[PDB]
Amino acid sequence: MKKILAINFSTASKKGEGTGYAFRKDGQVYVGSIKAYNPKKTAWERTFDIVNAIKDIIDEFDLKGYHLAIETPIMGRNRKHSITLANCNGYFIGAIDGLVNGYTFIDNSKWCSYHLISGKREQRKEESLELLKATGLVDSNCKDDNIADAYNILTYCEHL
């Protein structure tokens, strides 16, 4: 398969949220979340920790040379947070590029289209999570859509 590290990047600004990742190593899919929440750190300081956490994973599973598929950062609710998130998303890419074999921005609409995930924001979150829960890679309780999106990005990229 194409060696892909899929990332759904988040600065973990709210408790319980984090950067979603997914990759395949010898047939086996690994998924998880980097839960870097800390109210005494800025978005950029928490992004530093997320980079270090993904470098640690890249080392543990020998992922050097995997291509980075990362969800496109877009304009959110408020302007200023979206620019912050855009800058932090960039920092994250720049810090691991070279360890990874370049990167591709994956628009949310494109990976949703491939999986036939259509509907409004809430509906798409549920459907993405359903697809992840159907695989058994996480507990049936799981409500972490950051992980689900990273997993659905991976499978889309493997198809391409």
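Sequential numbering from 1, following the sequence displayed.
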(message) Which is higher on mean Cα B factor in this entry, 130-138 or 47-55?
(response) 130-138
(message) Test of understanding: from the entry's C-alpha B-factors, which stretch has the higher mean, 106-114 or 90-98?
(response) 106-114
(message) Looking at the temperature factor on the CA atom of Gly20, which third of the chain's modelled residues does it land in?
(response) lowest
(message) Ranking the modelled residues of this chain by C-alpha B-factor as given in the entry, is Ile153 in the lowest, middle or highest third?
(response) lowest
(request) Using the B-factors in the PDB entry, rank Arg121's C-alpha atom against the chain and give the third, lowest, middle or highest. (result) highest
(request) Would you check the entry's CA temperature factor for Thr42 and let me know if it's in the chain's lowest, middle or highest third? (result) lowest
